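Reviewing the structure listed below.
Laboratory data are not the source of any read-out in this text; all were calculated from the coordinates shown. Here the Cβ positions follow ideal geometry from the backbone for every residue, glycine too, while neighbour counts run over all protein chains shown.
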Ligand SMILES: CC(=O)SCCNC(=O)CCNC(=O)[C@H](O)C(C)(C)COP(=O)(O)OP(=O)(O)OC[C@H]1O[C@@H](n2cnc3c(N)ncnc32)[C@H](O)[C@@H]1OP(=O)(O)O
Ligand SMILES: CC(=O)SCCNC(=O)CCNC(=O)[C@H](O)C(C)(C)COP(=O)(O)OP(=O)(O)OC[C@H]1O[C@@H](n2cnc3c(N)ncnc32)[C@H](O)[C@@H]1OP(=O)(O)O
Ligand SMILES: CC(=O)SCCNC(=O)CCNC(=O)[C@H](O)C(C)(C)COP(=O)(O)OP(=O)(O)OC[C@H]1O[C@@H](n2cnc3c(N)ncnc32)[C@H](O)[C@@H]1OP(=O)(O)O
Ligand SMILES: O=C([O-])CC(=O)C(=O)O
Ligand SMILES: O=C([O-])CC(=O)C(=O)O
Ligand SMILES: O=C([O-])CC(=O)C(=O)O
């Protein structure tokens, strides 16, 4: 009652800018949910709104959807799937099993995305040519993140790299870092 | 400033009764920390204060310490230690690895404590004799929780059940549920030797006996603490030591990322979906 | 059958050196459990065996027990206890609530132990005097980890730092890093009174002193154990008791689902994205 | 000066590169030769931290140290007298030149093919100056039945 009258001052302890639960309509980063569904975005558009507070173009949202599709699963032999299966065979819970599997996501498992992105971004921004980047990585005792496969090398590529690369080539306006990575 | 003057009313959204962080001295359930250390209790006394808000007798706190000691670790082959080792070999974190290992604590793994305690408490309160309890468990298609071992049956007992049982016999005033469980154990060992009181079952029955046989708790309080999962917390706190030890062992050995061999996985995927 | 005959070769995918579950008796890092209980160690001795594979002296194990006692809980206002209470009031689980609370243990919360230990160890090994260490920390825009309190400064100390410091002074053979930290504390208290050695900083320096001052460890072993996060495990194991106590308190009080008031949240969403 | 007996039953070698199959074949050869100790004392791999790799001594399980740097490997293993180099044509020269800075190494085996002839001549000149016997590049190595085996020579067991 005192706050309604504007008689007292209490600072808010939390900040948020991705979702507005209060009000007549649910809002995703300034966009109503009905307008979200009328604009015909999917998981990619909602992900962009919730994570970046941006109205991404259709190709960006579709590419985000493809990235989620290709990273969906890679068999049960990985550490995270193994832990999820171990927790599930103990009859614990869906949430507990998924959580135990996700807790292995880090540097050695599931971190090649961010590590490769950071390494290639640093190399591209430093202005060094791809050969200089390769030599610098070699002389520092570091392996280039995101480079190297187990069986598929050439004339038999990943079949997951190819689809995403084709989509990016056809739809992305400019891909400087992708070209740098392809030279590497 | 308005609250200091007592001009406005704002209900508190949270309740707590186990620890008082504010003030000149830290307080554990009404007891100052300096008085906690002067009374010479250890992990057991602090555990009793924080979990039950009771000043437990010395033997109760010591027995809690023994229960934590015997449940510290049981090798790396269990699900929780396996998960902790998997997360540690991924180089994630101490907290993340211990958490991943602890998330397997539940019905099939690490829940035999609470399950055995509840089953034996229900049997004892129902007034049925141990033979009637065994027959009722048999005809219901249920195996008695806390009964049965893998190698150690008789003339070669657990060596963890024996120490706790001796301590309880020497120090506990009255052990009705423990005697009921021992009669059940006699009946089950009359069937096949390895049907002995497990460490989980023994700890459960002795914890119930400690709760409802010491003057600290009434029967309702002990029943509520058993219902809400005090023995689950006992097992989790005990096994956290072993999980952290496993994480430290894996980080000391500098083990690389683990990947399960494909020959150990059976692929039964459909023809085409 | 082929392995029993020694006909085939399959390398073991896992290594362990802290617990031997197989065999007639459970073994904690080469020590039988019956011998563990006969030697009359408690939580500290089992913790030392499982984490360091060492037979620690009695004072070291007792000091580990005191460290677990003083880090048991610090009220419900901390991030970890808050998260544990939030998960408990959702009626989820003991394991889930404790896990959610423990997942906040990291750099900003619960990491002052390891951070203070590492900072003081680096300063002591670098050979710089405490005044030089203070000046170097000041000119680098870094606050000394484990230094500074909220209310208790002097003539009214922590009452948790005092007990541990007295125990270490009476029982530890040599405390070089503790003396270095106390000189740093004198220098910081010469600036403003509340810049005293925290419980986190005191425990860190005393744990390093125990590791590298008892005959169980070489300098390399102590350094490796500090690097891999032994004090993080110490804090997590200590605070797990308080987290489980908070879960039990919330389940005993029968608190409903919590929802944060909207007046405490500032909404800064963009105009239209 | 270059010695006459390059390998014996007590010869200890350091392997440059992560070649687990070749080292395991070497260990199997040593075991079937009734050798007291494995012929591989340590491994050198610059793209990882120092650790221990698990190998087989007959049916027993043993650990072989893996070092990031040559200097640590030669410090902790002064009994090593042979280097078996599994570096590529783009790294064999620098690794061999670094190896010939340690006098304990008397024999170096180079497996890489495609090394430029000028770099190979420089290696030969430095080896002749240091009196180090080099098994020429683009080779499988060599075998001394009962004493020592280089790399993948002689096939599997
Ligand atoms: C998320 C990703 O896309 S991968 C990102 C990884 N990060 C990086 O890219 C960093 C740089 N890259 C590298 O680290 C390396 O170049 C690698 C790991 C990608 C290349 O892999 P390799 O070093 O050859 O090891 P690899 O994973 O292939 O394992 C070796 C073999 O074991 C086999 N194998 C893989 N998983 C299993 C399993 N669970 N069980 C049994 N065998 C397996 C593979 O078929 C492979 O076959 P091969 O014998 O023909 O090589
Ligand atoms: C926490 C505790 O103290 S136990 C939990 C309490 N649970 C209960 O008591 C519920 C009721 N009891 C029961 O379910 C059963 O009576 C049990 C499981 C306790 C008895 O165990 P069993 O049914 O014999 O199965 P067990 O676990 O012994 O496994 C069988 C064998 O595999 C062996 N084995 C156990 N773990 C492993 C492993 N990781 N790798 C290889 N072998 C193993 C055992 O040595 C055992 O030996 P055996 O061949 O001589 O029997
Ligand atoms: C684990 C430990 O022992 S602490 C380890 C922390 N790490 C370090 O030591 C790093 C170096 N030290 C520091 O960062 C600083 O010197 C500190 C944080 C330790 C000193 O604390 P301060 O900067 O004074 O902040 P502090 O935590 O006291 O909070 C300020 C006030 O809020 C009050 N307060 C604390 N918690 C709450 C709460 N939940 N609700 C309401 N008020 C609170 C305190 O009483 C304090 O009183 P004051 O107004 O008299 O200062
Ligand atoms: O996808 C890959 O090739 C690497 C892998 O196993 C994973 O992290 O999923
Ligand atoms: O302790 C036992 O005998 C069963 C077990 O493996 C565990 O849950 O720790
Ligand atoms: O103990 C303290 O003074 C700091 C604190 O709140 C905690 O992390 O427990």
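Residue-level check: of (1) under 16 Å from the mean Cα position of the chain (by Cα); (2) more than 28 Å from residue B:251 (Cα to Cα); (3) in contact (Cβ under 8 Å) with a residue 24 or more places away in the chain; (4) buried (at least 16 other Cβ atoms within 10 Å of the Cβ), residue D:70 misses just (2). Just one residue in the set A:91, A:141 is outside any helix (DSSP H, G or I) and either within 16 Å of ligand 2 (Cβ to nearest atom) or in contact with a strand residue (DSSP E or B) (Cβ under 7 Å, 6 or more places away or on another chain) (or both); that residue is A:91. A residue that is within 26 Å of residue C:72 (Cα to Cα), more than 7 Å from every other protein chain (Cβ to nearest Cβ) and surrounded by fewer than 24 Cβ atoms within 10 Å (Cβ to Cβ) can be found somewhere in the stretch C:242-255.
Please tell me if residue A:113 is within 23 Å of the chain's Cα centre (by Cα), away from ligand 3 (no atom under 16 Å from the Cβ) and surrounded by 14 or more Cβ atoms within 10 Å (Cβ to Cβ). Answer is no for this residue.
The residues in the stretch C:29-40 that are in contact with a helix residue (DSSP H, G or I) (Cβ under 6 Å, 6 or more places away or on another chain) and at the interface with chain B (Cβ under 7 Å from one of its Cβ atoms) can be counted, and the count is 1. Kindly evaluate residue C:175 against the criterion of being surrounded by 14 or more Cβ atoms within 10 Å (Cβ to Cβ) and either in contact with a helix residue (DSSP H, G or I) (Cβ under 7 Å, 6 or more places away or on another chain) or within 19 Å of residue C:117 (Cβ to Cβ) (or both). Criteria met by residue C:175.
Exactly one residue out of A:133, A:120 is within 15 Å of ligand 1 (Cβ to nearest atom), assigned to a helix (DSSP H, G or I) and within 18 Å of the chain's Cα centre (by Cα): that is A:120. Here residue B:260 fits the description: facing another protein chain (nearest Cβ under 9 Å), surrounded by fewer than 21 Cβ atoms within 10 Å (Cβ to Cβ) and within 16 Å of ligand 2 (Cβ to nearest atom). Do any helices (runs of 4 or more DSSP H) lying entirely in the stretch A:1-78 carry at least 2 residues that are touching a helix residue (DSSP H, G or I) at 6+ places or on another chain (Cβ under 7 Å), and which ones are they? Passing ranges, in order: A:43-52, A:58-70.
From the list A:137, A:131, A:145, A:119, the lone residue that is loosely packed, with under 15 Cβ neighbours inside 10 Å and either within 26 Å of residue B:255 (Cβ to Cβ) or more than 16 Å from ligand 6 (Cβ to nearest atom) (or both) is A:131. Could you say whether any residue in the stretch D:63-85 is touching a helix residue (DSSP H, G or I) at 6+ places or on another chain (Cβ under 7 Å) and not in a strand (DSSP E or B)? Yes: one or more hits. For the stretch C:145-162, taking the residues that are at the interface with chain B (Cβ under 9 Å from one of its Cβ atoms) and crowded, with 21+ Cβ neighbours inside 10 Å, the one that is nearest to ligand 2 (Cβ to nearest atom) is identified as C:160. Residue A:75 falls short on exactly one of the conditions (1) within 14 Å of chain B (Cβ to nearest Cβ); (2) crowded, with 17+ Cβ neighbours inside 10 Å, and that condition is (2).
Would the stretch B:213-230 turn up any residue that is within 26 Å of residue B:157 (Cβ to Cβ), in contact (Cβ under 8 Å) with a residue 12 or more places away in the chain and over 17 Å from the mean Cα position of the chain (by Cα)? Checked against the condition, which is being within 26 Å of residue B:157 (Cβ to Cβ), in contact (Cβ under 8 Å) with a residue 12 or more places away in the chain and over 17 Å from the mean Cα position of the chain (by Cα), the stretch B:213-230 yields at least one hit. Scanning the stretch A:83-102 for residues that are at the interface with another protein chain (Cβ under 7 Å from one of its Cβ atoms) and farther than 14 Å from residue B:258 by Cβ returns A:87, A:90, A:91, A:92, A:96, A:99, A:100. Close Cβ contacts (under 6 Å, 6 or more residues apart or on different chains) running from residues in the stretch A:108-126 that are within 14 Å of chain B (Cβ to nearest Cβ) to residues that are part of a helix (DSSP H, G or I) and within 16 Å of ligand 4 (Cβ to nearest atom) comprise A:109/A:79.
Which members of the stretch A:153-171 meet the condition of being part of a loop (DSSP other than H, G, I, E, B) and surrounded by 13 or more Cβ atoms within 10 Å (Cβ to Cβ)? Hits for the stretch A:153-171 are A:158, A:160. The condition of being away from every other protein chain (no Cβ under 12 Å) and closer than 25 Å to residue B:93 by Cα holds for only one of C:230, C:174, C:206, that being C:206. Residues that are over 22 Å from residue B:47 (Cβ atoms) and either more than 15 Å from ligand 6 (Cβ to nearest atom) or touching a residue at least 24 places away in the same chain (Cβ under 8 Å) (or both) are absent from the stretch C:63-73 altogether.
Note on the stretch B:103-137: among residues that are facing chain A (nearest Cβ under 9 Å) and touching a residue at least 40 places away in the same chain (Cβ under 8 Å), the one that is surrounded by the fewest Cβ atoms within 10 Å (Cβ to Cβ) is B:110.
Using the structure shown, decide if residue D:109 is in a loop (DSSP other than H, G, I, E, B) and in contact (Cβ under 8 Å) with a residue 12 or more places away in the chain. Here the answer is no, as residue D:109 does not meet what is asked. Residues in the stretch C:46-92 that are more than 7 Å from every other protein chain (Cβ to nearest Cβ), within 16 Å of ligand 3 (Cβ to nearest atom) and within 13 Å of residue C:207 (Cα to Cα): 2 in all. For the stretch B:71-84, the criterion of being more than 12 Å from ligand 5 (Cβ to nearest atom) and surrounded by fewer than 24 Cβ atoms within 10 Å (Cβ to Cβ) is met by no residue.
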